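Now for the letters of each chain:
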Amino acid sequence: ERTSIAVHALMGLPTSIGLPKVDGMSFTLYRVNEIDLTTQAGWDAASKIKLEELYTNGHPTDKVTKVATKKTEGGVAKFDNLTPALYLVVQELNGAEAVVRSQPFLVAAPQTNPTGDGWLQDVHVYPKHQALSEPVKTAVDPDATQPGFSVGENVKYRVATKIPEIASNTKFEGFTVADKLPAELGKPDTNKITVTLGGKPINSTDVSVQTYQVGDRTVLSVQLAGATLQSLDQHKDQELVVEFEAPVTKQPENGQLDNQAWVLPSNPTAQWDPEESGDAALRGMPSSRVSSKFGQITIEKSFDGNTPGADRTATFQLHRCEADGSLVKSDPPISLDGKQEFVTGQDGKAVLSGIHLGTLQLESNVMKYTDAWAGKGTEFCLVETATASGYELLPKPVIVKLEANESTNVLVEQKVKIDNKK
Ligand SMILES: [Ca+2]
Ligand code: NA
């Protein structure tokens, strides 16, 4: 007689068949070798088993043999056409969403109907897991000398992760927060990476802060181990907060400087790329997205309607102005990649790149765009500081409209044609 094991992945704390079922939860079925439950030797052996003998350190031992691996659909993962045996069901870390997984457990097939009336060939089991909340990622300007984090300045990120309540008398296997920085960022400043749990620093021995390169991007990894990890289950609903700064080294080609972090309830031995995604991949819980919007101004200078050429040059500074076109009080020139003035080339062009305009991120739970230049006038403007011999300097700032908003998903550009006059 063929048997079946239907695995219903329940979300909740074991006190439970009324709990919600979850799709996309991944389980592997193993057969327990050399246990025949139809004999007294096999039955006595199976009441003797210690789970560590069958599965330990995140992996199946020689004592078991893999049958199949499957994801829940409609709340259930059904393993059909099974020969009678003792089975071990193992929830895996490669489900559709990251969860605090169920521990391995034994299932006999077939079983006696609990009523006594005959055999149950189709068995049902109800392992519980706990959900991970989506971490909240934000960006912060760490130095307010110039608004925002234009190319040549540092950005700071904050990743706030909630510690879930897990099953009574169980422990977290691990706890990693990983962030694959966008390519436009340099390596995080070692002295500015911080980690707190419920507002308190964590002792260094317990927290491993690592960076590693994957292609042209740096991954920052923070992993909890030691006593901190073993006691993490006592910090339910507290926040683990990771903050770091990194240099904005170039303008994103599409204007989008985008960051996400990922939480994994496991401490991989291999260097984990959280944005890897084949079926075998350890699935993290991704954070809320942060997108910072960049803009570029291109000046096209002429001198009496002609290309400037080899003996005609003008210089501009970028500023903020008020609604009436006048400079914001005490407005300093704006620095971009360490330049505070911009000289026109023989072709008349000057490019002001890597202007950070503002940031879209989650605020009190809703995606919100904030203008990085809020409160410093209303627009950008250019001041002409030098020109060619025989020409007049522009006496007023040149207003340049350059802004972003929550829908912005390409590089914001403005071309400014200026014809120096005689
Ligand atoms: Ca700044
Ligand atoms: Na001029």
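Residues numbered from 1 in each chain as written, not as in the entry; some residues may be left out. Chains lettered and ligands numbered in written order. Heavy atoms only, no water. Residues with missing side-chain atoms left out of burial classes, pairs and counts.

- Labelled according to the PDB entry, the protein appears under the name Putative surface-anchored fimbrial subunit, originating from Corynebacterium diphtheriae.
- As deposited in the PDB, this entry carries the title "Structure of the Corynebacterium diphtheriae major pilin SpaA points to a modular pilus assembly with stabilizing isopeptide bonds".

**Comments concerning the sheet that holds strand 10 (residues 105–109)**
- Across the sheet, which stays open at both edges, the four strands sit in the order 6-3-8-10 with antiparallel pairing between neighbours. Edge positions in the open sheet fall to strand 6 (64–71) and strand 10, since each of these has one partner strand only. The mean inter-strand angle of the sheet, taken between neighbouring strand axes irrespective of direction, is 30°.
- Pairing between strand 8 (residues 85–91) and strand 10: five bridges, direction antiparallel. Looking across to strand 10, one finds that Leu-86 is bridged to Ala-108. (Pairing = 2+ DSSP bridges. Helix = DSSP H or I, 4+ residues; strand = E, 2+ residues; numbered from the N terminus. Axes fitted to C-alpha atoms, helices over the stretch in contact; angles between N-to-C directions.)

**Considering the coordination of the calcium ion (ligand 1)**
- Ligation of the calcium ion (ligand 1) by protein atoms is provided by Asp-141 (OD), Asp-141 (OD), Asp-143 (O), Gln-146 (O), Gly-148 (O) and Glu-153 (OE), these donors lying 2.3 to 2.7 Å from the ion.
- In this structure, the calcium ion (ligand 1) is surrounded by six donor atoms whose angles at the metal cover 50 to 157°, and the resulting shape is irregular.
- Sequence positions of the donors to the calcium ion (ligand 1) reduce to the motif D-x1-D-x2-Q-x1-G-x4-E. (Donors = N, O, S within 2.8 Å, 3.2 Å for Na, K, Ca; no water. Tetrahedral: all angles 85-135°; square planar, octahedral: opposite > 155°, others 65-115°.)

**Overview of the pairing of strand 18 (residues 194–197)**
- Along strand 18, the buried face is formed by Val-195 and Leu-197; none of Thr-194 and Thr-196, which line the opposite face, is buried.
- Two strands pair when backbone bridges link them, and strand 18 and strand 22 (residues 239–247) are joined in this way by four bridges, in the antiparallel orientation. Its bridge partner being in strand 22, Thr-194 is matched across the sheet by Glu-243.
- The pairing of strand 18 with strand 19 (residues 200–201) spans two bridges and is classified as antiparallel. Bridging from a neighbouring strand, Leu-197 pairs with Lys-200 of strand 19.
- As consecutive antiparallel partners, strand 18 and strand 19 are separated by two residues, and within that stretch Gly-198 has a phi angle of approximately 50°, a positive value. (Buried < 20%, exposed > 50% of the residue type's maximum accessible area, 1.4 Å probe, protein only.)

**Topic: the domain arrangement of the protein**
- You can read the domains of the protein as domain 1 (1–131), domain 2 (132–288) and domain 3 (289–421).
- Taking only C-alpha atoms into account, the centre of domain 2 sits 34 Å from that of domain 3.
- On the domain 3 side, the residues contacting the 26 residues of domain 2 number 28 residues.
- Looking at the side of domain 2 that touches domain 3 residue by residue, the classes come out as nine nonpolar, 13 polar and four charged. (Domains from an automatic or database assignment. Contact = heavy atoms within 4.5 Å. Nonpolar A, V, L, I, M, F, W, Y, C, P; charged D, E, K, R; others polar.)

**Observations concerning the sheet that holds strand 27 (residues 315–321)**
- Here four strands make up an open sheet; going across it, the order is 28-27-31-32 and the pairing antiparallel. Two strands bound the open sheet, and with one partner strand each, they are strand 28 (342–343) and strand 32 (398–400).
- Pairing of strand 27 with strand 31 (residues 379–386) involves seven bridges; the strand directions are antiparallel. Paired with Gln-317 across the bridge in strand 31 is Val-383.

**Some remarks on the packing of aromatic side chains**
- Scanning the model with the defined rule gives four aromatic pairs in all.
- Centroid distance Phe-172 to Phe-175: 5.5 Å. Interplanar angle 90°. Geometry classified as edge-to-face.
- Overall, the relative accessible area of 4% leaves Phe-172 in the buried class.
- Here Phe-175 falls in the buried class, since its relative accessible area comes to 0%.
- Ring geometry for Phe-303 and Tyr-391: centres 5.0 Å apart, planes at 70°, overall edge-to-face. You can see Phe-303 sitting in strand 26 (residues 290–303) and its partner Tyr-391 sitting in the loop between strand 31 and strand 32, a full 88 residues away along the chain.
- Of the residues examined, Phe-303 reaches a relative accessible area of 0% and is grouped as buried.
- Taking relative accessible area as the criterion, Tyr-391 reaches 11% and is therefore assigned buried. (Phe/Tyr/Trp six-rings, centres within 6.5 Å; stacked < 30°, edge-to-face > 60°.)

**With respect to the pattern of salt bridges**
- Counted according to the given criterion, the structure contains 13 salt bridges.
- Across the pair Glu-275 and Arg-217 runs a salt bridge whose closest N-O atoms are separated by 3.4 Å. On the criterion of sequence distance, the pair formed by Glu-275 in the loop between strand 24 (261–264) and strand 25 (285–286) and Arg-217 in strand 21 (residues 217–224) is long-range, its members being 58 residues apart.
- Assessed through its relative accessible area of 31%, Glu-275 is described here as partly exposed.
- Between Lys-415 and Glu-300 there is a salt bridge, and its shortest N-O distance comes to 4.0 Å. Highlighted residues: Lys-415 in strand 33 (residues 412–420) and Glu-300 in strand 26, separated in sequence by 115 residues.
- Sharing partners across several salt bridges, the network here consists of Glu-92, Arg-101 and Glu-173. (Salt bridge = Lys/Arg side-chain N within 4 Å of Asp/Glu carboxyl O.)

**Details of the UniProt feature "binding site: Ca(2+)" (unreviewed entry) in the protein**
- If you check UniProt for "binding site: Ca(2+)" (unreviewed entry), the listed places come out as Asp-141, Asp-143, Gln-146, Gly-148 and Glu-153 in our numbering.
- Positionally, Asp-143 belongs in the loop between strand 15 (136–140) and strand 16 (154–162).
- Position of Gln-146 among the secondary structure elements: in the loop between strand 15 and strand 16.
- In this structure, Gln-146 is in contact with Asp-141, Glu-153, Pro-333, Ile-334, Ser-335 and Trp-373, ignoring residues within four places of it in sequence. (UniProt positions renumbered as here; feature names shortened; annotations may be inferred.)

**Observations regarding the nonpolar core**
- Within the largest apolar cluster, 26 residues are counted, with the highest numbers of intra-cluster contacts made by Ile-297, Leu-318, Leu-352, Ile-355, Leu-357, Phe-380 and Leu-382.
- Secondary-structure elements contributing two or more residues to this core are strand 26, strand 27, strand 29 (349–363), strand 31 and strand 33.
- With sequence-adjacent residues up to four places away left out, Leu-352 is seen in contact with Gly-295, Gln-296, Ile-297, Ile-299, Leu-318, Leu-336, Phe-342 and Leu-382.
- Judged by nonpolar contacts, the second largest core, of 22 residues, contains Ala-98, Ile-202, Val-222 and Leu-240. (Core = buried A, V, L, I, M, F, W, Y, C linked by side-chain atoms within 4.5 Å.)

**Details of the environment of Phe-316**
- Relative to the helices and strands, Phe-316 is located in strand 27.
- Taking the C-alpha atoms as reference points, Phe-316 and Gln-111, separated by 205 residues in sequence, lie 83 Å from one another.
- Not counting residues within four places of it along the chain, the set of residues in contact with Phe-316 comprises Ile-299, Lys-301, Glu-341, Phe-342, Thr-344, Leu-382, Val-383, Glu-384, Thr-385 and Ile-418.

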